[PDB]
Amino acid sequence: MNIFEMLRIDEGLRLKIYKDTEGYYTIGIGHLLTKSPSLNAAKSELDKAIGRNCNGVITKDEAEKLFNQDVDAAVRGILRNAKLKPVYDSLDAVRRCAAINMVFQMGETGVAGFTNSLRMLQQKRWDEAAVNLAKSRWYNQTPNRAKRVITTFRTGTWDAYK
């Protein structure tokens, strides 16, 4: 297992514009297009991202390239952020994947509310961090996804994905 396989399981793959759990236009392996309610705005963002007139549909190769870019961007966001980088660097490779997963789903700004969880993770207080992570809108709105990610932080294994 690696971060790409983990996120492919959590996000799925769809080659036509769809709506995510919050109702936002998305395509591919969880690539957010726009938060605007306008399908035309989403189609424009898609064409800009792919570099051709897609009319709302992409190929598997295009979805996989967008996905590589999106994972890269999540990692770079962590490494540039003075609050997140020290916690990330303290983690083992499996737990680092759980961290990237959260940033991919919620962004840097969405993880800003997790300051207390981050401190517990940096201190390697895994059970305590798991409880704190679950006291969140994230866990209540996407509980199965959150349980898999939290279990990865708690155990440092891939057991939730196996």
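Residues carry their position along the shown sequence, with the first being 1.
Which is higher in the entry, the mean Cα B factor of 106-114 or that of 41-49? The entry gives the higher C-alpha B-factor average to 106-114.
Read off the CA B-factors in the entry, average them over 121-129 and over 97-105, and name the higher stretch. Averaging CA B-factors over each stretch, the winner is 121-129.
What third of its chain's C-alpha B-factors does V71 belong to: lowest, middle or highest? Its C-alpha B-factor, which the entry lists for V71, ranks in the lowest third among residues of this chain.
Sorting the chain's CA B-factors, does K35 end up in the lowest, middle or highest third? Its C-alpha B-factor belongs to the highest third of this chain's values.
Among all modelled residues of this chain, ranked by Cα B factor, put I29 in the bottom, middle or top third, i.e. lowest, middle or highest. For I29, whose C-alpha B-factor we compare with every modelled residue in the chain, the answer is the lowest third.
Mind checking which third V149 falls in for C-alpha B-factor across the chain? It belongs to the lowest third of the chain when residues are ordered by C-alpha B-factor.
Per the entry's values, where does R137 land by CA temperature factor relative to the rest of its chain, in the lowest, middle or highest third? Answer is lowest: the recorded C-alpha B-factor places it there.
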